[PDB]
Amino acid sequence: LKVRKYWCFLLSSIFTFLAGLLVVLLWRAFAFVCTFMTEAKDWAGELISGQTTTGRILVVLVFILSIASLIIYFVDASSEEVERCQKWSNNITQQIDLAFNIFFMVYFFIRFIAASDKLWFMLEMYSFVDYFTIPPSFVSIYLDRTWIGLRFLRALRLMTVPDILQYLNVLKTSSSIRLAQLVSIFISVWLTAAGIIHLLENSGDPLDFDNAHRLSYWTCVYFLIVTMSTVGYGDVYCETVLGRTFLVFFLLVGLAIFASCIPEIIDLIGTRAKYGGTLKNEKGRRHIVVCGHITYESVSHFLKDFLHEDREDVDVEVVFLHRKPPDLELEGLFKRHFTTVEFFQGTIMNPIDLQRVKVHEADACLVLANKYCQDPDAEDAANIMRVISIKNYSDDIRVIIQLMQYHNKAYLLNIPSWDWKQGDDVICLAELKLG
Amino acid sequence: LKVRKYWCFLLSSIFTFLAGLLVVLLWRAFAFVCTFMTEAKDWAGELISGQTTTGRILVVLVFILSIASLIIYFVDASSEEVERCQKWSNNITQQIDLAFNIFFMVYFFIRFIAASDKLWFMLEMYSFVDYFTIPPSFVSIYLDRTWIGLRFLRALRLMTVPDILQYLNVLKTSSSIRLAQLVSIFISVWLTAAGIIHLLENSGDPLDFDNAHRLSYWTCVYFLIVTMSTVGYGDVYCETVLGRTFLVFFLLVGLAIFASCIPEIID
Ligand SMILES: COc1ccc2c3c4n(c2c1)[C@@H](C=C(C)C)OOC(C)(C)C[C@@H]4N1C(=O)[C@@H]2CCCN2C(=O)[C@]1(O)[C@H]3O
Ligand SMILES: COc1ccc2c3c4n(c2c1)[C@@H](C=C(C)C)OOC(C)(C)C[C@@H]4N1C(=O)[C@@H]2CCCN2C(=O)[C@]1(O)[C@H]3O
Ligand SMILES: CC(C)CCC[C@@H](C)[C@H]1CC[C@H]2[C@@H]3CC=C4C[C@@H](O)CC[C@]4(C)[C@H]3CC[C@]12C
Ligand SMILES: CC(C)CCC[C@@H](C)[C@H]1CC[C@H]2[C@@H]3CC=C4C[C@@H](O)CC[C@]4(C)[C@H]3CC[C@]12C
Ligand SMILES: [K+]
Ligand SMILES: [K+]
Ligand SMILES: [K+]
């Protein structure tokens, strides 16, 4: 009570460190001067990697129990007293805590077997975290006391989420893996460093423990987010010498962590998928699909002639399909024709995009050509391939295409599904211009 | 008076949400096992898009009444009491407020007709904003009380300016459209989030409402601009648990909003 035993919990933690370090170190030295082991190591490697279902349930089990162990901390940190004196029999949260640590103790041993280098496995962060949470829990039974100690290290489990879930094949695309990594580190650093300040501020200076800045754990969490954002209100601040000392390191380390992540946050957040989805509307009305050269003046000139007063009033919807996102001016043009013109992002050559815009039900597909092209041969070849893709999806579809040169008209006529008698038309600019 | 009815205003707002959500959801299910509608939907689409002059006057009318509705909030937020008990007959600002919400109620119905997907139209931000301002105003007649509630959401009208004015062909060049979009979002976020802090700080913690940090609305507006600029004087700060909790989300969301706009503010 009056005399605290915080050293007993702390000094026990490092006992498991150097003693465990030396036992593996000395055993290697014995073999220097003086089988199932190979099979067991290979079995342990695939067990912790989730290769098989017996290990797949194990890695997710670690995932479930990782967040769960943090829940015990949050109700423990709610108490104002950082040190408590109560027997195990009446305590509820302690009993649950015995169930977690023994599983993580045996799971730690399994990881040790799979490690090729025993010495470097001892000196990993995941090794350190169990060295500071498995021993003190057992000591709490002996000491009959409850101390917060270094219990915030359980938040370091959360950085396995991009790794554990990667073994489960849910993280396929590179964008998902990177963003999952970045988010998990930020949350874990935020939660772990908040626990350090909560312990340091409440405990006070060593050997006297008189200046105790009683602060709630969630107040500390609010304190760091103000600190990281560099706002610094000053309503909540560290007063203890130890708390300020850690805050100095946190400021330096935090920027260093941020600096290493600058190149990857730049090219990850600057993405957007604005246009997509399939064309779904009512039955009865008719629509056409326009592809090819889709620019601001290509659409505005087309829409002015298509939707004109002199033309007979017929309700035909215009659908545009281009692989590039429209600029600001083009989007405004689409808004002014919201009830008549719709846009989708995709390409004709992709059969998936053809089904989205409902090519098989459209009246005709119009292919616009880039008249001001450096290479007319290249432009014509690309446009011809679009007709092949359209005809591949459905042989009975009307296609109207602009061709820059007359000699390329022969290729279209050689298509087996091309039929001028059924509405297919070729408008050759070279033939018409010189005509 | 002693017992507050803030839940009555709040719980009524979500009543119009799930009930409205289920009615359109159940009607689709009925047709699964068991015309003027097409013409009406096409008419509604061009009405809200400003295609014709009858709809051109309507969209600008929404524009005029959008900023106007905010003026009522500013004089309501001036009062120190976030909850009031007064009859409609003597209250002036309430009577004006009845004139606005009924127009926005019928305008909301017009937007519903023009929507191709009824379910996703229910789950849009503009749908949510009316769900939190049209019901409580009608309840204030029944309850004979005045509460600020979630009234700051009317600042979310201001993000229609780059869209409504685009229908009016005043936004021609791409530079004007982009800068109008960026300015409108910043103003609306600044005004809306200031209202959240003003409501949270003045109301206090739930179920006890004892720790009430009485703060002026314009003081909160000055508080956020200091926060966004990362200056953080600390003279004005959030003390309630709920106010700090929202401030944590505002810091995270604000940088995320800023991050998405970095490539476009550069060029
Ligand atoms: C002044 O004191 C600090 C201390 C620590 C941090 C951290 C970040 N700042 C800190 C500022 C600041 C950086 C600035 C203002 C230059 O920005 O605030 C953010 C909210 C954007 C988080 C950022 N930060 C990261 O973006 C990365 C992403 C993965 C994990 N990250 C971190 O943990 C951290 O490095 C995080 O420690
Ligand atoms: C720390 O806490 C915050 C919280 C929110 C914001 C916001 C911005 N900062 C915030 C900082 C900071 C960003 C920094 C210091 C990295 O810069 O301060 C500005 C005054 C430049 C506004 C900026 N910001 C935007 O530039 C965009 C433009 C369109 C709408 N925007 C926003 O709403 C916001 O994202 C806005 O939320
Ligand atoms: C090599 C790596 C693991 C660092 C090891 C040193 C760490 C784990 C040890 C060495 C000295 C220890 C500190 C000694 C004194 C105190 C003050 C007490 O009120 C809270 C615990 C606290 C804050 C201890 C935390 C853990 C600590 C910092
Ligand atoms: C799904 C989207 C719309 C979010 C819905 C949840 C929102 C609208 C609801 C759920 C709980 C509600 C809060 C419950 C308690 C309080 C405290 C009171 O003093 C002010 C209102 C306030 C702050 C409410 C604001 C609105 C609120 C946050
Ligand atoms: K700063
Ligand atoms: K600052
Ligand atoms: K300060």
Side-chain angles (χ1 to χ4, degrees), chain A residues 4 6-7 9-11 13-14 17-18 82-83 123 125 127-129 131-132 136 147-153 159 178-193 195-209 212 224-232 240-243 245-262 264-266 268-269, chain B residues 159 178-193 224-232 247-262 264-265:
Chain A
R4 331 172 147 217
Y6 68 95
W7 62 271
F9 302 90
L10 256 147
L11 188 61
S13 289
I14 62 170
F17 175 58
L18 77 164
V82 330
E83 199 163 3
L123 300 211
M125 124 179 359
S127 290
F128 278 121
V129 183
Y131 283 153
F132 287 128
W147 179 47
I148 301 299
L150 296 170
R151 183 177 292 171
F152 47 77
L153 296 189
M159 294 180 358
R178 186 68 188 150
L179 185 108
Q181 285 175 345
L182 293 186
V183 163
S184 62
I185 303 170
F186 174 71
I187 297 301
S188 303
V189 167
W190 187 8
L191 292 191
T192 292
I196 311 176
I197 279 177
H198 167 81
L199 167 80
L200 284 181
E201 289 294 302
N202 291 258
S203 299
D205 286 315
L207 267 55
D208 59 327
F209 302 99
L224 276 71
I225 189 59
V226 171
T227 293
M228 299 181 222
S229 59
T230 70
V231 176
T240 75
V241 172
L242 279 187
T245 302
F246 163 69
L247 201 54
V248 168
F249 293 140
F250 174 75
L251 291 178
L252 290 175
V253 166
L255 306 187
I257 293 177
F258 178 65
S260 293
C261 292
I262 291 165
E264 293 100 2
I265 62 170
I266 281 173
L268 176 66
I269 199 54
Chain B
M159 294 180 358
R178 186 68 188 150
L179 185 108
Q181 285 175 345
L182 293 186
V183 163
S184 62
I185 303 170
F186 174 71
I187 297 301
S188 303
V189 166
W190 187 8
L191 292 191
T192 292
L224 276 71
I225 189 59
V226 171
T227 293
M228 299 181 222
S229 59
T230 70
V231 176
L247 201 54
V248 168
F249 293 140
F250 174 75
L251 291 178
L252 290 175
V253 166
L255 306 187
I257 293 177
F258 178 65
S260 293
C261 292
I262 291 165
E264 293 100 2
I265 62 170

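Order of listing sets the numbers, starting from 1, for every ligand and every atom in it. Here is the naming used below: chain letters follow the sequence lines, and residue numbers restart at 1 for every chain.
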* Heavy-atom contacts with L251(B) under 4.0 Å: which atoms of ligand 2 show up? List them by number with element. => 1 (C), 2 (O)
* Using heavy-atom distances, let me know which of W147(A), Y131(A), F9(A), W7(A) sits nearest atom 20 (C) of ligand 3. => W147(A)
* Starting from atom 36 (C) of ligand 1, which protein heavy atom do you reach first, and at what distance in Å? -> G254(A) O, 4.2 Å
* **Heavy-atom side-chain contact between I197(A) and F250(A) under 4.5 Å** => no
* **Protein contact for atom 12 (C) of ligand 1 (heavy atom, distance under 4.0 Å)** => yes
* If you count the atoms of ligand 1 from 1 in the order shown, which ones are under 4.0 Å from a heavy atom of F250(A)? -> 4 (C), 5 (C)
* Output yes when a protein non-hydrogen atom is found under 4.0 Å of atom 5 (C) of ligand 2, and no otherwise. => yes
* Among protein heavy atoms, which sits nearest to atom 15 (C) of ligand 2, and what does the distance come to when rounded to 0.1 Å? -> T230(B) CG2, 3.7 Å
* Residue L200(A) vicinity, atoms of ligand 3 by number, heavy atom under 4.0 Å -> 23 (C)
* Protein heavy atom at shortest distance from atom 29 (C) of ligand 1 -> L182(A) O, 3.4 Å
* Would you check if the distance from the ring center of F128(A) to the ring center of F17(A) is below 6.0 Å? => yes
* Would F17(A) count as a contact of ligand 3 if the rule is a heavy atom under 4.0 Å away? -> no
* **Heavy-atom nearest neighbour in the protein, as seen from atom 5 (C) of ligand 3, with distance rounded to 0.1 Å** => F132(A) CZ, 4.8 Å
* To do: If you have a sec, work out which protein heavy atom is nearest atom 33 (O) of ligand 2 and how many Å separate them, to one decimal?
  => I257(B) CG2, 3.9 Å
* Asked: Of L10(A), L150(A), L123(A), which has the heavy atom at the shortest distance from atom 24 (C) of ligand 3?
  -> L10(A)
* Asked: What protein heavy atom sits nearest atom 17 (C) of ligand 3, and how far off is it?
  -> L242(A) CD1, 4.0 Å
* For ligand 2, which atoms have a heavy atom of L255(B) less than 4.0 angstrom away? -> 1 (C), 3 (C), 11 (C)
* To do: Specify the protein heavy atom at minimum distance from atom 26 (O) of ligand 1: its residue, its atom name, and the distance to 0.1 Å.
  => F258(A) CD1, 3.2 Å
* Structure fact -> A student checking ligand 1 against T227(A) at a 4.0 Å heavy-atom cut-off should list atoms 1 (C), 2 (O)
* Check whether any N or O atom of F186(A), backbone or side chain, sits under 3.5 Å from an N or O atom of ligand 1, and answer yes or no. => no
* Quick one: are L200(A) and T245(A) in side-chain contact, heavy atoms under 4.5 Å? -> no
